[PDB]
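S.K.:
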Amino acid sequence: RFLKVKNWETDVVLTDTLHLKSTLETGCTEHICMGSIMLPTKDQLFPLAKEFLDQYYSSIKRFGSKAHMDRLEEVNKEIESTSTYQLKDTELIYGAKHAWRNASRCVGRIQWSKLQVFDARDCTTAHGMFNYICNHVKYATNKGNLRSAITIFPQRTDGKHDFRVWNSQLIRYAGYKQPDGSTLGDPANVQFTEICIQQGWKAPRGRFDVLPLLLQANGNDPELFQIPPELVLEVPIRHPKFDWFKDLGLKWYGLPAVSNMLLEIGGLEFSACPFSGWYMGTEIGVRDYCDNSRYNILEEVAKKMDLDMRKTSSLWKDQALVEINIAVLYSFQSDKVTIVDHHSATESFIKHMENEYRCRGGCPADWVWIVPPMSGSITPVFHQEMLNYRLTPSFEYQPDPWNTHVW
Amino acid sequence: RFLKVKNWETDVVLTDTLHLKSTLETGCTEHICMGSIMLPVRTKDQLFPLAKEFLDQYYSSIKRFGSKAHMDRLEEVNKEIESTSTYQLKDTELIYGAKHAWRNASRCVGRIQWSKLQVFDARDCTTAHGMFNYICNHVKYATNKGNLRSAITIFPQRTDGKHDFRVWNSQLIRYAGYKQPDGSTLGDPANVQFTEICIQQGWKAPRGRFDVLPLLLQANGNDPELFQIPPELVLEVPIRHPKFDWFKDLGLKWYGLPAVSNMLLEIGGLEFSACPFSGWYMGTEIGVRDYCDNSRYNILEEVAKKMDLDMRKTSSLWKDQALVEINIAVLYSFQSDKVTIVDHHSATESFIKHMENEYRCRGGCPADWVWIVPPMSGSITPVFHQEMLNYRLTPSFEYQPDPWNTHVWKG
Ligand code: HEM
Ligand code: HEM
Ligand SMILES: C[C@H](O)[C@H](O)[C@H]1CNc2nc(N)[nH]c(=O)c2N1
Ligand SMILES: C[C@H](O)[C@H](O)[C@H]1CNc2nc(N)[nH]c(=O)c2N1
Ligand SMILES: NCCN[C@@H]1CNC[C@@H]1Cc1cccc(N)n1
Ligand SMILES: NCCN[C@@H]1CNC[C@@H]1Cc1cccc(N)n1
Ligand SMILES: [Zn+2]
């Protein structure tokens, strides 16, 4: 019942009682752990709303108050009559902040309470979505001094009028399969870069073409829009020593902004809820740049450094990796764009965990995702035991729209 | 039931059916995952079923399931259990058992080598002095002048729980740790408590930074006894860097034989409490953990200084830079002295081939992702991108309480 987690580097032990409120399943059983798998009605709704409202009222120290009771009945009546309900602005803000607070795979949750929420529940068209999104991008980019934000479009009704942002992230580079059998640009977006053409986009066929938003409103077919170039802050990457680095012709966008998840608050589902914060260096330097199935640039950087790539044990990949990540952090920092390194981010998360353990009784966390993709054990989270479990409000995964949309 | 795992770097998907033979618990539930938690005398009653499951696997393995040989053996063991409350394994069954505990060790990345294991049968051993001799022979054989060979030595199984054989050392070869009155530590901080037990037991500590600890051996439930491993038998490697001539002056060196001695080997319900095993090192065990963990040798700073990196702010990634160099130094030193060692790229690439092979020929390969991915350069090794299923199969290697916490001293 009362579990404990120990940090093997500092011997600190914390007791976990928050998991006892867990609702959703984990995919694991007492017989098999699936910790490393990426993706493991009115009657149904009122209980969910109640769970939510109770925690909301408790958070504002009015648990059991008349207001609490009053609200509880009002929603109940609305569900019984409308088969759904609308959240109060306050409940919306609280819900969004808590879905972030509950995101077990996010290392930057110490920032959870500082989130700007844009209520786009009055939106009705794709052009309106485009308008709300540009405003979001501009707000969060803030000339390089990034601010976390989320824009929340209308909740699901009958499933046949869902709002969706077809892009996986608001800002990403296109990818095209060339005759050479090779891939141009970002390989992960090949299929998306094509659906933009299948729709009309005029691909400049470059190695870093900011893709076009493909917005779907109220259920209709998605429409294209080109984010005002002046709104997309990008950073050219140079090394603070290797002058040849720039010649690689590398750059990355400054706004990390996930747009394909589903936000669940009190039983309600928000299928279009783009959110953004600021980067941790490794996401770009290690994953976007060095992943084999991504820009896969290790060999090139290695050759440029004249390293013995004959034998794996000279660790040329490792040496290069470090430089490629020193570069990213260097550039961003030079151009004054917010960014955090894995050492600082993980240290933060540990502080946050301790706070969450003493003020909430726990902090759900997925070790597989929390530990950086490079230098694992020299970051504190590596030695930190973590308990993973699901709490609502939450951000959930949902099917790519192009595999569900009936045109 | 069928389960699938996917590799996100190659899109390759695999199907697991082996998990259906999993019996032990994982620590997880449908409500909480304990995937990153380090540590989540039998009765006749519970023993024959364990014996039967094991003998069925053995007899199937040799394609003699249901044979007369198979049925007689089951009848033999059954009778032995009702009669003596336990039973003895044939030599062939012990070997098969040991090899399989390694094959089922989901936290082991070097399992492609599982069928090549030299098993030393020390079940006729009765005293600590006898244990020492057995252990010396294992160290000499395994080391093989630098051309390492995997091996395991198996001492008498548990009986009433009051006569256990135990190797008090966590690893056969490790360096002493000494807490100074100023609060600093000389040597390996992880072995400070064990070193104190050794000193208290009579060990004359040379108090340096790399003193090979003495073996503390317990036979038949009696009080443990100290022994010094013949120095000539302890292979060591001086650590130097291929380009940094000052690295050698850091005064670092490491032993060549990695060898776990505190685990419990379970085969057919029987418990082998003293079962030291050894293989050869993956560079990062020494380069990343033993040297760079903050609670171990912690050499990141001193190495950093010498290289004159910008240590003012973490974003220079000075820690990461000194980490690669040190790991380069460990691999180089071992290769130069012709002592077997494998880097993390090579080891993980092999594990992936091993794993696929295992799904095809066995229907699975239980693996613990948290332990399989190297402690540095995680995502540039193929295992990072590999989904894994973790479940427990027997025969297996299990944790057991440290003996100083359970032993009834006799004086
Ligand atoms: C302000 C700085 C922030 C930092 C430094 C940060 C960092 C991280 C990192 C490193 C990841 C893993 C990315 C990957 O490997 O794909 C992540 C994932 C995630 N973050 Fe944060 N984050 C921040 C802000 C946000 C915000 C504003 C929200 C929510 C409103 C959020 C929600 C999540 C979720 C749900 C995931 C997992 C997404 C998935 O499963 O693919 N993050 N975060
Ligand atoms: C051939 C060389 C081998 C290599 C390269 C290899 C490598 C490794 C490494 C990197 C670890 C993780 C160590 C740690 O972080 O503490 C490990 C764990 C393990 N290995 Fe292997 N191994 C090899 C041979 C063996 C042998 C021969 C056995 C058994 C007969 C074995 C049994 C295990 C077990 C049980 C674990 C988990 C230990 C624990 O839970 O503390 N390994 N191995
Ligand atoms: C198979 C495995 O779960 C997968 O490669 C995970 C590992 N850890 C990760 N961690 C983070 N932060 N992001 C990822 O995409 C992944 N991928
Ligand atoms: C808390 C966490 O489980 C712990 O630090 C684990 C992580 N992965 C590991 N992996 C290996 N190989 N060895 C270890 O000791 C650990 N420690
Ligand atoms: N959802 C899987 C893809 N996630 C991508 C991987 N890099 C940016 C984004 C994560 C993310 C979201 C918010 C902030 C941040 N630093 N990182
Ligand atoms: N069992 C906890 C400590 N394990 C230590 C960590 N480094 C050597 C040994 C593992 C081990 C056993 C066998 C072979 C190998 N390469 N590594
Ligand atoms: Zn689990």
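Residue numbers (the entry's author numbering), protein chains in the order written: chain A, 299 to 338, 350 to 716; chain B, 299 to 338, 348 to 718.
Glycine residues also receive a C-beta, built at the ideal position from the N, C-alpha and C atoms.
#1: Secondary structure at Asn-476/B, three-state DSSP: helix, strand or coil?
#2: Closer than 8 Å, CB to CB, is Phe-704/A near chain B or not?
#3: State yes or no: is the beta carbon of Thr-492/B nearer than 8 Å to at least one beta carbon in chain A?
#4: Count the other C-beta atoms from every protein chain shown that fall within 10 angstroms of the C-beta of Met-695/B, then say buried if there are 16 or more, exposed otherwise.
#5: What is the DSSP secondary structure of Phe-534/B, counted as helix, strand or coil?
#6: Against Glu-694/A, what residues of chain B qualify as contacts under a CB-to-CB distance less than 8 Å, listed in chain order?
#7: Would residue 345/A and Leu-362/A be called neighbours here (beta carbons separated by less than 8 Å)?
#8: For the segment 371–393 of chain A, which residues have a CB atom closer than 9 Å to at least one CB atom of chain B, in sequence order?
#9: Given 8 Å as the limit, is there contact between the segment 433–445 of chain A and the segment 468–483 of chain A, that is, 3 or more CB pairs closer than that?
#10: Going by C-alpha to C-alpha distance, which of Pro-538/B, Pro-565/B, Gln-628/B sits closest to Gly-586/B?
#11: Near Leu-337/A, which residues of its chain fall below 8 Å by C-beta distance, leaving aside the five closest residues on each side in sequence?
#12: Kindly indicate which three-state DSSP category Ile-369/A falls into: helix, strand or coil?
#13: Could you tell me which residues DSSP pairs with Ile-648/B in its beta bridges?
#14: Identify the contact partners of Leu-630/B in chain A, using a Cβ-Cβ distance below 7 Å as the criterion.
#15: Answer with yes or no whether the minimum CB distance from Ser-602/B to chain A is below 8 Å.
#16: Could you run through the segment 581–614 of chain A and flag, in chain order, every residue whose CB is less than 9 Å away from some CB of chain B?
#17: In the structure shown, what three-state DSSP assignment does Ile-574/B receive?
#18: Is there at least one non-hydrogen atom of ligand 2 closer than 7 Å to the beta-carbon of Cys-415/B?
#19: Do you know offhand how far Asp-428/A's Cα is from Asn-411/A's?
#20: Please list, in chain order, all residues of the same chain as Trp-510/A whose beta carbon is under 6 Å from its beta carbon, the five residues on each side excluded.
#21: Quickly, what does DSSP pair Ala-458/A with across the bridge? List them, please.
#22: Closer than 8 Å, CB to CB, is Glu-573/B near chain A or not?
#23: Can you tell which of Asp-309/A, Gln-364/A, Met-662/A, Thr-434/A has its C-alpha closest to the C-alpha of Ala-581/A?
#24: Is the distance from the Cβ of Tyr-588/B to the Cβ of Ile-679/B below 8 Å?
#25: Would you report the Cα separation of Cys-415/B and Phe-355/B, rounded to the nearest angstrom?
#26: What residues in the segment 394–410 of chain A bring their beta carbon closer than 7 Å to a beta carbon of chain B?
#27: Is the CB of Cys-672/A under 8 Å away from at least one CB in chain B?
#28: Using a cut-off of 9 Å between C-beta atoms, extract the partners of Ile-635/B located in chain A.
#29: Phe-551/B by DSSP, collapsed to three states: which one?
#30: Could you check if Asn-664/B is buried or exposed, using at least 16 other CB atoms within 10 Å of its CB as the buried criterion?
#31: What would DSSP say about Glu-694/A, mapped onto helix, strand or coil?
#32: Relative to the C-alpha of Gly-494/B, which candidate in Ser-392/B, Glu-539/B, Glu-400/B, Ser-602/B has its C-alpha closest?
#33: By the 10 Å Cβ neighbour count, where 16 or more other Cβ atoms means buried, how is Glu-400/A classified, buried or exposed?
#34: Measure from the C-beta of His-329/B to each C-beta in chain A and report whether the shortest distance is under 8 Å.
#35: Across the segment 544–551 of chain B and the segment 311–326 of chain B, are there enough close Cβ pairs to call them in contact, namely three or more that are closer than 8 Å?
#36: Provide the residue(s) that pair with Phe-579/B in DSSP beta bridges, ordered along the chain.
M.R.: On the basis of the data shown:
#1: coil
#2: no
#3: no
#4: buried
#5: strand
#6: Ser-334, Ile-335, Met-336
#7: No atoms are given for residue 345/A, which sits in the stretch of chain A between 338 and 350 that the model skips.
#8: none
#9: yes
#10: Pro-565/B
#11: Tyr-706
#12: coil
#13: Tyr-588/B
#14: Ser-684, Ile-687
#15: yes
#16: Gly-590, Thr-591, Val-595, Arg-596, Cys-599, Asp-600, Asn-601, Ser-602, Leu-607
#17: strand
#18: yes
#19: 20 Å
#20: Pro-521, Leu-533
#21: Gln-425/A, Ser-585/A
#22: no
#23: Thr-434/A
#24: no
#25: 29 Å
#26: none
#27: no
#28: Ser-622, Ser-623, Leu-624, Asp-627, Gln-628
#29: coil
#30: exposed
#31: coil
#32: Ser-602/B
#33: buried
#34: yes
#35: no
#36: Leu-572/B
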